[PDB]
Amino acid sequence: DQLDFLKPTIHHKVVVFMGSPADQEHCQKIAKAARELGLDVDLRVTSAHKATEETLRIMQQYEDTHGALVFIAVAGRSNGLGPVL
Amino acid sequence: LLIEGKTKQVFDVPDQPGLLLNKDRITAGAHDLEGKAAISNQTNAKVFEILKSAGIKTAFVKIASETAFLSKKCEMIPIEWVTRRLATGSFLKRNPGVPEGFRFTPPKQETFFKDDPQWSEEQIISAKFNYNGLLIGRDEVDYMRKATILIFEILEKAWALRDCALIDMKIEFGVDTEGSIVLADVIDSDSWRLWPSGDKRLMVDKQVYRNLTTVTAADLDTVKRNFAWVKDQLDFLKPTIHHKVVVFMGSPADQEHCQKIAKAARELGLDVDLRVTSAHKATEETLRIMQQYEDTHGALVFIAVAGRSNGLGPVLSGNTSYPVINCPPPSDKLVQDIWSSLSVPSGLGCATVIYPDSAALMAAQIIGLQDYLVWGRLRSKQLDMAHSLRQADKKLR
Amino acid sequence: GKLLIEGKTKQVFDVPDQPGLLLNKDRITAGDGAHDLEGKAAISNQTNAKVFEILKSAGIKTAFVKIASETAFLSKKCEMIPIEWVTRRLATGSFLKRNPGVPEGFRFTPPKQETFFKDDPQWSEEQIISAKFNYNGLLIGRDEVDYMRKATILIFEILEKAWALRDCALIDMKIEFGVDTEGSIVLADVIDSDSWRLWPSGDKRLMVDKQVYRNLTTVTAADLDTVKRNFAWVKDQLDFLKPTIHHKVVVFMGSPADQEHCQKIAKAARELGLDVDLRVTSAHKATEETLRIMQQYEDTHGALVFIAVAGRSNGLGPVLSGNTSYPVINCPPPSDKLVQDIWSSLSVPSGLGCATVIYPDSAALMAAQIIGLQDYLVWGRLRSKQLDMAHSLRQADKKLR
Amino acid sequence: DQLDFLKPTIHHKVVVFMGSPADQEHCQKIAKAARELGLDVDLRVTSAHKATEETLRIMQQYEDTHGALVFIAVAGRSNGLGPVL
């Protein structure tokens, strides 16, 4: 009977923020691997330079959880995205 | 066909697939008659030309007659979008303790429903409005908030040429056939609050009419002369400012790179010359060409494009007092070559940029300090870029 | 001492021998408007003391010192700002009336934060600033209002996190601030079951807060009994809200010369509330014992984070990363050669999840952020630190301005 | 008649944002140089990382002007201050 409590569905989200839609294939590679390890993954597009206020709004939306949360920041060139997150 | 209003009628135009707005000679703050449809129509049309010239997307196409204009047909969002720079009017009643003239930085922006009670962005979202297949969500509300502030900022800047403080505004948005949100309805002297010299006493807008409990024909005359004046002042609000951006390339080989700069800056409204000269192989003629550009009373920006060791940019800078920007062409060696642009000898104000689009922007940002319309387009482009990201996000989400 | 503020539900008396304040809770329940009597002063005082203990431990600054008795507590003396600071995660209560068309349960992301004046209308931030309040020499401007908005949201977020351990949704809250003798803004009122809206299982129908009392049109003593029984359950539940979660952050340094660097990591992590072990081992000079030491740490049921500190060419981090499943962070010590050497940390072979950081403080923060996923208190302290840093910038801006 | 109109007062401000009060001496060197050239300079401290929203609000307070405005971004390490402005 105790064994049925040994495979529980734990809530966690991995969010990949890319600064540009051109960084797509790269993000998909991350996504693909994470799903193979059993992670739940969302790909999102946002700029910390061109859409600063909205980038904050999007992440506060993920901050509305009781589950685990990991952010991966994908930004070519000068990366202000990750440090800003 | 038809759509009816206090101050306007909007009829279908059946031969042209795409509306006409016919302005009425009435004033409905309570309600009286005048000769003001022509003034309003002309006021509006000049305002929309300026906003079109900044890059704002509008329903407005062209003047049809003295009291009408042709507009792209679109379904209105029943929200009044209001922007304030200062505290005055009904804001004072809704926020007791905040004194008249309290400054809003950034400009305050509030929304009102067509029934005029105030709504929050939440209320607008939870209303689940749907027009021409476009359901209005937080993204669409964000766009209208950002555009409303942007439109107020452009007009504020423009009215500052004729020494008038724009204090607040109201605009309305609609949705076109293709699902795009356009700035629509009408912007005239009923739409805003205008103070000359920032003087509340000299107000020229429909507030003069709103304050009257009793209304004479003389009072109406002074309102017409105020609105006629505003219509007249609008003609000086789109002036031709003189400036030149000159790109010096060290070699004709750098041709595509410079054209990318030219193309970007021309889109921002700049006048660009592309020139070839060496600060090594033709030193004296390089100086000679910049002195020819220095014979102006307009603004002048030099962009220096030089591969390898860039002596061009620093040499211009040491010999002129106008701003010089370095924009080296792309190259594997740029990681090494770039320090020839950076690290100028002491006493040079040469600044450095690495992408051709970004040189054109620096040039425009400098010139926009004197040309509000160029300044307008930079802000307008920031709005375009942010709205593009959301669309891209919606597709990968 | 002498009384200095009278209140619906509490009295606050001076304590003249100890240079503060004493707050004494009364056995009354004053449903906003309706008022009846109960046995509830003890319930509130305990509820309150527990909350403030949780918030002090996160690093939030409060007037609260210690419990004086079963119905009273000792507070640092300060002049109150007459604003109620309210935070909501969901749309409910009076908000629905003020914003018609927004349905109950509409989620506020980030939490909605609103302000209310006495005597109790809603104010804008502009209204608070133009009001020019002045307490203990601190005039309240936008900077002070900025801090209180940020603090109110933060306190809500912390408690929101705490209550989820016992499966309760914190729905909204109200707090109040005061200014101490030294000009500092402290969280200063009382946070009990009168201050918030609590839903077990996120089920509004199971609400345990003072809304139960408000909903009563008529009030019998039986009705008051379920409200006392509700508040007692909450006071009881708070004893499960500060649990000791087990974790270890282990820093492996490849050489004892890296000691001061590791102690900088340690110092930072311990202040964030982490349990840190410093170990010395080489992945080159003692390959077998390196794995044996890490395997010993792998005999746990708690959380585990390894920090790898190795100068020159770093094989330690990547070797750990290849032999363990726990997160491994690389923090090379400072060096002129770090510019060349850092690629030994980055650019690991395929299939290794080693991550790289460059400053000791930032490595402790990564470890904290990882462990904070299991310990809301560590997670609280990270958020508190961000607020501290932002508030410090304004102090600095005000001096160079 | 023209002589009084030959040296008119044009209004402008150069604002220096430093990400940290440690960058103090460096900014004072910029200020000194610019003041000698006849510029009106303000020194401000703000982080695009630690105080993102407030940074945006400080520049918007400068954007309420009808005079000329130049921003100088002074940020050590990874400079997100400049690109975010």
# chains A, B, ... in the order shown; residues from 1 in each chain; ligands from 1
$ interface_residues --of "chain C" --to "chain A" --cutoff "8 Å" --atoms "only C-alpha atoms" --output "mmCIF file with N, CA, C and O atoms, in the first residue's frame"
data_model
loop_
_atom_site.group_PDB
_atom_site.id
_atom_site.type_symbol
_atom_site.label_atom_id
_atom_site.label_comp_id
_atom_site.auth_asym_id
_atom_site.auth_seq_id
_atom_site.Cartn_x
_atom_site.Cartn_y
_atom_site.Cartn_z
ATOM 1 N N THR C 109 -1.106 39.496 -10.422
ATOM 2 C CA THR C 109 0.267 39.155 -10.627
ATOM 3 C C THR C 109 1.026 40.337 -11.219
ATOM 4 O O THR C 109 0.850 40.661 -12.394
ATOM 5 N N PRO C 110 1.874 40.997 -10.417
ATOM 6 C CA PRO C 110 2.234 40.732 -9.027
ATOM 7 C C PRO C 110 1.080 41.112 -8.093
ATOM 8 O O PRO C 110 0.065 41.635 -8.568
ATOM 9 N N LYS C 161 3.835 32.287 1.289
ATOM 10 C CA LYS C 161 4.675 31.111 1.171
ATOM 11 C C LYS C 161 4.530 30.217 2.413
ATOM 12 O O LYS C 161 4.265 29.014 2.299
ATOM 13 N N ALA C 164 1.233 28.182 2.721
ATOM 14 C CA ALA C 164 1.087 27.085 1.762
ATOM 15 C C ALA C 164 1.643 25.744 2.289
ATOM 16 O O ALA C 164 1.331 24.685 1.747
ATOM 17 N N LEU C 373 14.258 26.917 -2.677
ATOM 18 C CA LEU C 373 13.115 26.241 -3.274
ATOM 19 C C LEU C 373 12.476 25.286 -2.252
ATOM 20 O O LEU C 373 11.352 24.831 -2.426
#
$ calpha_fit_and_write --fixed "chain D" --moving "chain A" --output "PDB file with C-alpha atoms, in the first residue's frame"
ATOM      1  CA  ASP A   1      20.646  96.564 -29.735  1.00  0.00           C
ATOM      2  CA  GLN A   2      20.733  93.236 -31.599  1.00  0.00           C
ATOM      3  CA  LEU A   3      23.789  92.189 -29.619  1.00  0.00           C
ATOM      4  CA  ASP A   4      21.826  91.652 -26.407  1.00  0.00           C
ATOM      5  CA  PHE A   5      20.056  88.685 -27.976  1.00  0.00           C
ATOM      6  CA  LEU A   6      23.375  87.021 -28.831  1.00  0.00           C
ATOM      7  CA  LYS A   7      24.175  85.622 -25.356  1.00  0.00           C
ATOM      8  CA  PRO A   8      21.010  83.632 -24.442  1.00  0.00           C
ATOM      9  CA  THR A   9      20.661  81.032 -21.654  1.00  0.00           C
ATOM     10  CA  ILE A  10      19.763  77.735 -23.356  1.00  0.00           C
ATOM     11  CA  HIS A  11      18.324  74.906 -21.271  1.00  0.00           C
ATOM     12  CA  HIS A  12      20.005  71.538 -21.325  1.00  0.00           C
ATOM     13  CA  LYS A  13      20.850  68.897 -18.784  1.00  0.00           C
ATOM     14  CA  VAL A  14      23.570  66.285 -18.704  1.00  0.00           C
ATOM     15  CA  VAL A  15      22.684  63.447 -16.359  1.00  0.00           C
ATOM     16  CA  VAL A  16      25.302  60.955 -15.271  1.00  0.00           C
ATOM     17  CA  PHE A  17      23.853  57.688 -13.946  1.00  0.00           C
ATOM     18  CA  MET A  18      26.316  55.551 -12.006  1.00  0.00           C
ATOM     19  CA  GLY A  19      25.355  51.977 -11.025  1.00  0.00           C
ATOM     20  CA  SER A  20      27.309  52.296  -7.784  1.00  0.00           C
ATOM     21  CA  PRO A  21      28.481  55.017  -5.358  1.00  0.00           C
ATOM     22  CA  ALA A  22      31.995  53.584  -5.675  1.00  0.00           C
ATOM     23  CA  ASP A  23      32.123  54.982  -9.231  1.00  0.00           C
ATOM     24  CA  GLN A  24      32.067  58.461  -7.721  1.00  0.00           C
ATOM     25  CA  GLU A  25      35.472  59.934  -8.461  1.00  0.00           C
ATOM     26  CA  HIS A  26      35.164  58.813 -12.078  1.00  0.00           C
ATOM     27  CA  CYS A  27      31.824  60.543 -12.423  1.00  0.00           C
ATOM     28  CA  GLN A  28      33.199  63.637 -10.794  1.00  0.00           C
ATOM     29  CA  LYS A  29      35.922  63.804 -13.433  1.00  0.00           C
ATOM     30  CA  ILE A  30      33.228  63.783 -16.095  1.00  0.00           C
ATOM     31  CA  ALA A  31      31.262  66.370 -14.193  1.00  0.00           C
ATOM     32  CA  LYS A  32      34.252  68.642 -13.718  1.00  0.00           C
ATOM     33  CA  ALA A  33      35.119  68.716 -17.422  1.00  0.00           C
ATOM     34  CA  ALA A  34      31.506  69.264 -18.503  1.00  0.00           C
ATOM     35  CA  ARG A  35      31.047  72.214 -16.182  1.00  0.00           C
ATOM     36  CA  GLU A  36      34.259  73.716 -17.596  1.00  0.00           C
ATOM     37  CA  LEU A  37      32.740  73.432 -21.069  1.00  0.00           C
ATOM     38  CA  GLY A  38      29.607  75.134 -19.717  1.00  0.00           C
ATOM     39  CA  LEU A  39      27.298  72.210 -19.142  1.00  0.00           C
ATOM     40  CA  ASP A  40      24.715  71.769 -16.424  1.00  0.00           C
ATOM     41  CA  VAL A  41      25.364  68.410 -14.724  1.00  0.00           C
ATOM     42  CA  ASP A  42      23.526  66.109 -12.304  1.00  0.00           C
ATOM     43  CA  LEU A  43      25.103  63.004 -10.714  1.00  0.00           C
ATOM     44  CA  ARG A  44      22.720  60.224  -9.839  1.00  0.00           C
ATOM     45  CA  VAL A  45      22.979  56.724  -8.363  1.00  0.00           C
ATOM     46  CA  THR A  46      20.841  53.869  -9.651  1.00  0.00           C
ATOM     47  CA  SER A  47      21.096  50.200 -10.694  1.00  0.00           C
ATOM     48  CA  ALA A  48      19.423  48.771 -13.780  1.00  0.00           C
ATOM     49  CA  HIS A  49      19.728  45.370 -12.083  1.00  0.00           C
ATOM     50  CA  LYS A  50      19.049  46.098  -8.445  1.00  0.00           C
ATOM     51  CA  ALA A  51      16.556  48.950  -8.961  1.00  0.00           C
ATOM     52  CA  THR A  52      15.154  48.457 -12.457  1.00  0.00           C
ATOM     53  CA  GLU A  53      11.745  50.027 -11.997  1.00  0.00           C
ATOM     54  CA  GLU A  54      13.171  53.011 -10.151  1.00  0.00           C
ATOM     55  CA  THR A  55      15.913  53.609 -12.746  1.00  0.00           C
ATOM     56  CA  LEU A  56      13.164  54.014 -15.324  1.00  0.00           C
ATOM     57  CA  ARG A  57      11.248  56.339 -12.978  1.00  0.00           C
ATOM     58  CA  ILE A  58      14.278  58.554 -12.460  1.00  0.00           C
ATOM     59  CA  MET A  59      14.930  58.987 -16.180  1.00  0.00           C
ATOM     60  CA  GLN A  60      11.299  59.757 -16.980  1.00  0.00           C
ATOM     61  CA  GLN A  61      11.695  62.594 -14.513  1.00  0.00           C
ATOM     62  CA  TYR A  62      14.420  64.071 -16.629  1.00  0.00           C
ATOM     63  CA  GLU A  63      12.260  63.429 -19.679  1.00  0.00           C
ATOM     64  CA  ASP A  64       9.878  66.025 -18.307  1.00  0.00           C
ATOM     65  CA  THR A  65      11.695  68.987 -19.990  1.00  0.00           C
ATOM     66  CA  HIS A  66      11.502  71.268 -22.986  1.00  0.00           C
ATOM     67  CA  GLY A  67      15.300  71.580 -22.961  1.00  0.00           C
ATOM     68  CA  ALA A  68      18.087  69.366 -24.250  1.00  0.00           C
ATOM     69  CA  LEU A  69      18.976  66.171 -22.461  1.00  0.00           C
ATOM     70  CA  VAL A  70      22.049  63.932 -22.510  1.00  0.00           C
ATOM     71  CA  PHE A  71      22.488  60.760 -20.430  1.00  0.00           C
ATOM     72  CA  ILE A  72      25.900  59.375 -19.521  1.00  0.00           C
ATOM     73  CA  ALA A  73      25.788  55.843 -18.093  1.00  0.00           C
ATOM     74  CA  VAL A  74      28.611  54.840 -15.731  1.00  0.00           C
ATOM     75  CA  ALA A  75      28.612  51.131 -14.900  1.00  0.00           C
ATOM     76  CA  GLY A  76      31.524  48.909 -13.938  1.00  0.00           C
ATOM     77  CA  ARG A  77      31.552  45.202 -14.737  1.00  0.00           C
ATOM     78  CA  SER A  78      28.759  43.988 -17.025  1.00  0.00           C
ATOM     79  CA  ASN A  79      27.064  47.185 -18.112  1.00  0.00           C
ATOM     80  CA  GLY A  80      23.320  46.702 -18.454  1.00  0.00           C
ATOM     81  CA  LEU A  81      22.660  50.269 -17.294  1.00  0.00           C
ATOM     82  CA  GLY A  82      23.524  52.082 -20.499  1.00  0.00           C
ATOM     83  CA  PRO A  83      21.814  49.627 -22.802  1.00  0.00           C
ATOM     84  CA  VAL A  84      18.771  49.616 -20.549  1.00  0.00           C
ATOM     85  CA  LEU A  85      18.586  53.416 -20.570  1.00  0.00           C
TER      86      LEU A  85
END
$ select_by_dssp --residues "chain A" --states "strand (DSSP E or B)" --output "list in words"
residues 12, 13, 14, 15, 16, 17, 18, 41, 42, 43, 44, 45, 68, 69, 70, 71, 72, 73 and 74 of chain A
$ write_last_selection --atoms "N, CA and C atoms" --output "compact mmCIF listing (two decimals), in the first residue's frame"
# COMPACT_ATOMS: atom_id res chain seq x y z
N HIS A 12 6.77 21.85 -10.78
CA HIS A 12 7.93 22.67 -10.98
C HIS A 12 7.83 23.20 -12.40
N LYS A 13 8.43 24.35 -12.65
CA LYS A 13 8.42 24.88 -13.99
C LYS A 13 9.81 25.36 -14.32
N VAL A 14 10.27 25.04 -15.52
CA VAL A 14 11.48 25.64 -16.05
C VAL A 14 11.08 26.60 -17.17
N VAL A 15 11.38 27.88 -16.97
CA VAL A 15 11.07 28.89 -17.97
C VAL A 15 12.35 29.37 -18.63
N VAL A 16 12.37 29.25 -19.95
CA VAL A 16 13.44 29.78 -20.77
C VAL A 16 12.97 31.10 -21.35
N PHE A 17 13.66 32.19 -20.99
CA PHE A 17 13.47 33.50 -21.62
C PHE A 17 14.54 33.70 -22.68
N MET A 18 14.13 33.91 -23.93
CA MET A 18 15.07 34.33 -24.96
C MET A 18 14.81 35.80 -25.30
N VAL A 41 8.55 22.48 -19.34
CA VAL A 41 9.28 23.63 -19.89
C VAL A 41 8.43 24.62 -20.69
N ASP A 42 8.58 25.91 -20.40
CA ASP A 42 7.94 26.94 -21.23
C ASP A 42 8.98 27.83 -21.91
N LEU A 43 8.81 28.06 -23.21
CA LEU A 43 9.68 28.98 -23.96
C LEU A 43 9.03 30.34 -24.13
N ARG A 44 9.70 31.38 -23.69
CA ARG A 44 9.11 32.70 -23.84
C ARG A 44 10.07 33.71 -24.46
N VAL A 45 9.50 34.68 -25.16
CA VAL A 45 10.27 35.74 -25.81
C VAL A 45 10.09 37.09 -25.12
N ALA A 68 8.10 24.53 -7.73
CA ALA A 68 9.48 24.97 -7.94
C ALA A 68 9.58 25.76 -9.23
N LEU A 69 10.57 26.63 -9.30
CA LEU A 69 10.71 27.48 -10.46
C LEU A 69 12.19 27.71 -10.82
N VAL A 70 12.55 27.41 -12.07
CA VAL A 70 13.87 27.73 -12.56
C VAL A 70 13.78 28.56 -13.83
N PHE A 71 14.50 29.68 -13.85
CA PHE A 71 14.64 30.51 -15.06
C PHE A 71 15.97 30.26 -15.83
N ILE A 72 15.85 30.05 -17.14
CA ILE A 72 17.04 30.03 -17.96
C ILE A 72 16.96 31.24 -18.88
N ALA A 73 17.97 32.10 -18.83
CA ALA A 73 18.01 33.29 -19.69
C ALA A 73 18.89 33.06 -20.92
N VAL A 74 18.30 33.23 -22.10
CA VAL A 74 19.01 33.06 -23.37
C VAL A 74 19.14 34.40 -24.12
$ interface_residues --of "chain B" --to "chain A" --cutoff "10 Å" --atoms "only C-alpha atoms" --output "short mmCIF file (atom, residue, chain, number, x, y, z; two decimals) with C-alpha atoms, in the first residue's frame"
data_model
loop_
_atom_site.label_atom_id
_atom_site.label_comp_id
_atom_site.auth_asym_id
_atom_site.auth_seq_id
_atom_site.Cartn_x
_atom_site.Cartn_y
_atom_site.Cartn_z
CA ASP B 139 -1.34 42.90 -24.40
CA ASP B 142 -0.60 47.60 -22.80
CA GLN B 382 10.63 51.51 -29.54
CA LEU B 383 6.89 50.97 -29.44
CA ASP B 384 6.98 48.97 -32.69
CA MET B 385 9.77 46.74 -31.37
CA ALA B 386 8.08 45.95 -28.09
CA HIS B 387 4.74 45.09 -29.77
CA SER B 388 6.68 42.81 -32.16
CA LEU B 389 8.22 40.88 -29.31
CA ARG B 390 4.78 40.02 -27.88
CA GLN B 391 3.61 38.70 -31.24
CA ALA B 392 6.77 36.64 -31.51
CA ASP B 393 6.24 35.46 -27.92
CA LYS B 394 2.62 34.49 -28.62
CA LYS B 395 3.85 32.20 -31.42
CA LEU B 396 6.55 30.35 -29.39
CA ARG B 397 4.66 30.34 -26.09
#
$ atom_distance --atom1 "CA of residue 83 (chain C)" --atom2 "CA of residue 177 (chain C)"
7.7 Å
